[PDB]
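Novice: One structure coming up, written as structure tokens, with questions to follow.
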Amino acid sequence: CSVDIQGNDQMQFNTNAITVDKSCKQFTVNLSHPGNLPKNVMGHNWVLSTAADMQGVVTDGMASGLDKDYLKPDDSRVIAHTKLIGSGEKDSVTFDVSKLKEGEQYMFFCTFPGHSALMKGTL
Amino acid sequence: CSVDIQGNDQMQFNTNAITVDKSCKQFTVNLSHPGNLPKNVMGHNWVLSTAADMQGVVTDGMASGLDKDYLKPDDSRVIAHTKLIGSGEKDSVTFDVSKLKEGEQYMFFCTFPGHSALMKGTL
Amino acid sequence: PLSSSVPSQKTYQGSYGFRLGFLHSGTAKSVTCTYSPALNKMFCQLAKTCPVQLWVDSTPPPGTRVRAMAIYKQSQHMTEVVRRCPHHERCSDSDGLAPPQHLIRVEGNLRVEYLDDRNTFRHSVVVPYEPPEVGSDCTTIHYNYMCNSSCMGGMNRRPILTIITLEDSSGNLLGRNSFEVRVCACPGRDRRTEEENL
Amino acid sequence: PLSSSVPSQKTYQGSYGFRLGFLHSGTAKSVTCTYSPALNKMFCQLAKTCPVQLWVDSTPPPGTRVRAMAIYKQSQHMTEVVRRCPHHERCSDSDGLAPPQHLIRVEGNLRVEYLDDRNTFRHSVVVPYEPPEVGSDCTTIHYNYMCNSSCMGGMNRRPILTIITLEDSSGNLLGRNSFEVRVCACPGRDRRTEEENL
Ligand SMILES: [K+]
Ligand SMILES: [K+]
Ligand code: NA
Ligand code: NA
Ligand SMILES: [Zn+2]
Ligand SMILES: [Zn+2]
């Protein structure tokens, strides 16, 4: 009911595919930053939304700035998210497997400017 | 093969003696901070080294400072460590039990300057 | 900025019979802190625990406080405020409480208080007085000295002494004692060596 | 242009106890770099690996830096900036990091930083200080010297000194040491030659 994810200094997650076992009542993602760059130049978050909502999340988050962790405050399209983190930091997020559908496309991604085009995956 | 540990606002861990079962392949520390002081004044971490290495890890860690979680970067003497947390935060760490010896003296400690004497115990 | 004044280093045991003591540590190279009775000199390592014992004949009243201040031992340097060197002033070793310029810190005491004196410019660090633990004869304070006797441009290698003063809740003097301090890399060897010239 | 000042060559250990060290490499014909303890002089081949060991009593904090800089040894030549001769400056041996005029380079470290001092005109090369490896007791930097001592138009048979300075992230001085250098085609033989009058 958990997965470990890495964002590096080259705008890559270490997986493009997360599969949640639906015998899990809650799922947890543990994000780390194995690079050396601080979060003001290479910050990474883990953001969950539907596939249609992903682009909107990215766009508004990008206009929100580093202070808001590049997330639109109180964005209802974000199902779950970590904090934005830099080099050597870590943060985890737990959410209810209540809020997902077997017949629905879900995307995870990072909303730091530019990062989502490469830093994204399915769920 | 897991253990739950807290550091309060009184520079205290809620245990001073950890045993890891020989059977375990991996061991997990689950560190939390039920106090109210932020981490620049009451930042705790759970750092594991040999007893012989503890003091060196602590001195070099102190001088590394808050923004390095009071740890010397890349310190070989550190078998495992959480990050620094403050009030309301939690962090886990998992290390292979193959890094331990049955004929060896291990210590766990916080490296926050001036808190190590008070926040230590045997593993 | 030099100070207009010079703090007293006159021993004053006062009403409660205030004395200083120190662990009987010896001079093995592994010691982090060792006191020479003959030289009345503390040899200690940078940022290492430096225990100092408070001994009283009789308990000081509630609200009593314990203050530490460094001054230079030599007369021509006495008016200059003892402070950290530029390198340590700027380094990333903050414990969240102590001011970055303060030579002396207290560890493991959340009631530690640090003062830049408005008028004398002296740095000092005061903690509350606590009686010895049950079965103990003295109160131990755990100091840290955050510059070296060989730092460039701080103490710039000049000798210093620490003054420990006992104060009531209003800051009035109840006792005073003092000891010389050498902050150095190998306190055991330095004490044995300096002791060898006697 | 001459420099208007002369950098200090005064030894200085500083807060962390800065010393240098050199391999006990002998003087066999194969050796590319050999250090004379009696002369405090290094003999090395042009552009070959010269290990220089950094030894500290305690680890400098992160962001600490290590600078090397050449000056001529003869006082009357001390304001002349040590640089490469025209032939070598213009030759085809740039690693893409060092300026072609700089005598001193660091090999095997992409974090190397080079400086043309805008005020003194001195060249220097600097690397981040890295604490020793696992199972090692000192830090080793690998210098290359890009002219021979006899290079016409450059050092032209005037002995130089290399000055190693340890500095923090803001440039404050932590330690200084120095050694004479001869760059030559047979370092072991030439070390025997110069020790001959001892
Ligand atoms: K890292
Ligand atoms: K040596
Ligand atoms: Na003096
Ligand atoms: Na280079
Ligand atoms: Zn200093
Ligand atoms: Zn040349």
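Residue numbers (the authors' numbering), protein chains in the order written: chain D, 3 to 125; chain C, 3 to 125; chain A, 92 to 289; chain B, 92 to 289. Think of the CB as a built atom: it goes at the ideal place given N, C-alpha and C, for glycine as much as any other residue.
(1) Should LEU93(A) go down as buried or exposed, given a rule of 16 or more other Cβ atoms within 10 Å for buried?
(2) Verify the contact flag: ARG175(B), CB atom, against every heavy atom of ligand 6, threshold strictly below 7 Å.
(3) What three-state label does DSSP hand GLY244(B) in the structure shown?
(4) Check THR230(A) in the structure and name its three-state DSSP category.
(5) Under 8 Å: do the region 92-99 of chain D and the region 5-15 of chain C share three or more Cβ pairs, one atom per stretch?
(6) Counting only beta-carbon separations shorter than 8 Å, does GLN100(B) have a partner in chain A?
(7) Got a sec: which bits of the region 90-107 of chain C sit with their beta carbon under 7 Å from any beta carbon on chain D, in order along the chain?
(8) Any heavy atom of ligand 2 inside 7 Å of the beta-carbon of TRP48(C)?
(9) Can you tell which of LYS24(C), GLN28(C), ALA65(C) and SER25(C) has the C-alpha that lies nearest to the C-alpha of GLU180(A)?
(10) Shortest alpha-carbon distance to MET160(A) belongs to which of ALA276(A), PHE270(A) and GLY279(A)?
(11) For the putative contact between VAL80(D) and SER118(D), defined by C-beta atoms under 8 Å, what is the C-beta separation to the nearest angstrom?
(12) Let me make sure I understand the geometry here. Which of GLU91(D), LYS85(D), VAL49(D) and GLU104(D) has the alpha-carbon closest to that of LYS122(D)?
(13) Could one say the Cβ of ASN288(A) lies closer than 8 Å to chain B's Cβ atoms, at least one of them?
(14) Going along chain A, which residues have a C-beta under 7 Å from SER261(B)?
(15) Inspect the beta-carbon positions of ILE254(B) and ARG273(B) and report whether they are closer than 8 Å.
(16) Could you give the distance in angstroms between the alpha-carbon of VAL217(B) and the alpha-carbon of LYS139(B)?
(17) So the candidates are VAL197(A), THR118(A), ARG213(A) and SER149(A); which of them puts its Cα closest to the Cα of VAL97(A)?
(18) Does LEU201(B) pass the burial test, meaning 16 or more other C-beta atoms within 10 Å, or should it be called exposed?
(19) Taking Cβ-Cβ distances shorter than 8 Å, what residues in chain B pair up with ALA276(A)?
(20) For the candidate residues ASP207(A), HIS168(A) and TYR236(A), whose alpha-carbon lies nearest to that of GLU198(A)?
(21) Spatial neighbours of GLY244(A) within its chain, please: C-beta separation below 7 Å, excluding the five flanking residues on both sides.
(22) Are the beta-carbon atoms belonging to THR124(D) and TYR108(D) less than 8 Å from one another?
(23) What is the residue span of the alpha helix (DSSP H) that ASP207(B) lies within?
(24) Starting from the Cα of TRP146(B), find the closest Cα among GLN100(B), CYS277(B) and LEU114(B) and give me that residue.
(25) Are the beta-carbon atoms belonging to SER240(A) and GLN104(B) less than 8 Å from one another?
(26) What is the DSSP secondary structure of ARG273(A), counted as helix, strand or coil?
(27) Cβ of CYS238(B) within 8 Å of Cβ of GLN144(B)?
(28) Whose Cβ in chain A lies nearer than 8 Å to the Cβ of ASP69(C)?
(29) Does DSSP put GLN144(A) in a helix, a strand or coil?
(30) Tell me whether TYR236(A), by its Cβ, gets closer than 7 Å to a heavy atom of ligand 3.
(31) Pull up the CB-CB distance for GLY9(D) and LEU33(D), whole angstroms please, since I reckon it's below 8 Å.
(32) Could you check if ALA189(B) belongs to the surroundings of ligand 4, using beta carbon to heavy atom distance under 7 Å?
Specialist: To lay it out plainly:
(1) exposed
(2) yes
(3) coil
(4) strand
(5) no
(6) no
(7) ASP93
(8) no
(9) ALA65(C)
(10) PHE270(A)
(11) The Cβ separation is near 13 Å, so there is no contact.
(12) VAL49(D)
(13) no
(14) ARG181
(15) no
(16) 18 Å
(17) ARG213(A)
(18) exposed
(19) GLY108, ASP148 and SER149
(20) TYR236(A)
(21) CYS176 and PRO177
(22) yes
(23) Looking at the DSSP string, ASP207(B) is not in any alpha helix (DSSP H); the run it does join, the beta strand (DSSP E), is 204-207.
(24) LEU114(B)
(25) no
(26) strand
(27) no
(28) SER183
(29) strand
(30) no
(31) 7 Å
(32) yes
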